[PDB]
Structure formats: C-alpha cells, structure tokens
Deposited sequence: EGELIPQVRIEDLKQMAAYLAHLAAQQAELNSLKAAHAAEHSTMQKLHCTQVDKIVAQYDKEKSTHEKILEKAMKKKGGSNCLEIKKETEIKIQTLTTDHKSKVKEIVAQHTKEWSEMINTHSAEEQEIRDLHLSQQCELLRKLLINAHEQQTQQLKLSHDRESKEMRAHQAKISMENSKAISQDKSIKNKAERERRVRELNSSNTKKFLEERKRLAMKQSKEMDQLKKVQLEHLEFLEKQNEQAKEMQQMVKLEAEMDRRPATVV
C-alpha cells in the first residue's frame, strides 16, 4: 500500500509513459522491416514465375502450331519442357527454402529485441521505485532527527522550570526557621533534582534510539517488499523466455 503510493508518483508515471512510447516505436520499426522484406520476397518469386511461364508458353505454341502442320519436334520439344519444369521445381525449392531462412532469422531477432526491451524496462522500474523510496526514507529519518533535537530542547527548558520552581517554594517554607537545616535542604534538593534530570535524560536517549530502531525496522521491510516484487517479475519474465523457446519453429510468409 506504500508501494502503490510510490507507484503513482509524478516521476514514475512519466517513465511508464516514456516506456510505452519506446514500445510503439519498436512495433513501428519491426513492421517496416516486415513490409520491406515481403515485397522483395514476392518480387523475386513473381519474376521467376513470370519468366518460366513465358518459356513454357513459347515451347507450347511451338509444338501446337507444328502439329497442325510432329516427327522429332514432338519428341524434342517435350524433352525441353521436362528439362525446364524439372529445373523450375528446383529453383523455387531453393528459393522457398531460403525465404524461410530470411523470415525466421528476422522474426526471432525481432522477438529477441522485444524480450530485451521488456527486461530493460523492468530493471528501469525497480531502480526508479527503489531510489524514490530511499529518498523518502532519507527525508523520513532526518525529520525524526529533527524531533529528537527539539525533544531534548523541551526537556532542558522543562527541567529548568522545575528546578527554578522548586527553589522559590523552598524559600517560602516557614517551617524551616533555621539556616543550618536550610543550607542542607538546598544541597539536598539540588542533588536530588540533578540525579533525576540525568536519569530522565538517560531514559530519553534510550527511548529515542528505540524509536529510531523502529524506523529502521519499517524501512527495511519496505525495501524487502520491493525486492521481492522485482524478484517475482523477473521470475515470470523468465517463464515467457521459456515458453518462447518451445514455440520457436520455421515459418514462411506467403
């Protein structure tokens, strides 16, 4: 609930927004490199097919007309067709095979780039969230340092009040009626108050560190919760690298 207040801060939300624009630029660059290659993949094949069709039609017309007008031309021309299609079937078999290569190398490279940016964004989010939290922890700690200094200030001035207070009412005590005991009572009062103030001073110092130790306790396990949050995010991003390796296979855009 602390992390959520941290995760809706002005600086954090902007980094999220700048990360999402990065993500769009990558999709747009990936798509341009997609279309650049399909055009050339098709451009190449539609050349090779247009030419093969041209050669077959030329040979097909050659026997068709001569048959109307045979002998060896029938035998020779059909050898040229078997020669020519058998070669075409193996020009494309080679091309179609290398067009799978070009695509699959790209899609996996593209898929890798996208994985790495998603990982880099995750290291950038943990580092920001944490640095913000440490900065909050620093202005939390030394604000408390502040109270501790004023807490001592009030005590010293409070202790001065009692001591001066316990010296007027001792003068006004009528029951004394003697200087020798009065000299002693003042010595007795001064020593008792001096002891009391030093003990309350010692108890404040002890109390003050105790409460700062509690600040350390709260701060530590906020940072521990953020570190577990980043660990869980890394662990699941590994399971998409894992599922991606199984899904990987060759592919041919058509």
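Gaps without C-alpha coordinates occur at 1-7, 77-81, with positions taken along the deposited sequence from 1.
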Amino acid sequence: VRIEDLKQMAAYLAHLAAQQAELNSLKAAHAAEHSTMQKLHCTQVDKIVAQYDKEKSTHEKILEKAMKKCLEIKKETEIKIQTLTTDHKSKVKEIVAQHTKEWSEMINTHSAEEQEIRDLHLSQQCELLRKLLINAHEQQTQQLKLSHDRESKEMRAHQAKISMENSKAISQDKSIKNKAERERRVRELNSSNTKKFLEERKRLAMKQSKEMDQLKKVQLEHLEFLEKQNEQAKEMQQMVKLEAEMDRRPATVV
From here on, numbers count along this sequence of modelled residues.
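In this entry, 35-43 has the higher mean Cα B-factor, the comparison being between 197-205 and 35-43. Between 225-233 and 206-214, the higher mean Cα B-factor belongs to 225-233.
Looking only at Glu113, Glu138, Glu181, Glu94, the residue with the top Cα B factor in the deposited structure is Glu181. Going by the entry's values, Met9 shows the largest Cα B-factor out of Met9, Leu23, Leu16, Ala244. Per-chain ranking of the deposited C-alpha B factor places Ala50 in the middle third. When the modelled residues of the chain are ordered by their C-alpha B factor, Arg187 lands in the middle third. Among the modelled residues of its chain, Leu144 has a C-alpha B-factor that falls in the middle third, as given in the PDB entry. Among the modelled residues of its chain, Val253 has a C-alpha B-factor that falls in the lowest third according to the deposited record. Sort the modelled residues of the chain by CA B factor and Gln125 lands in the lowest third.
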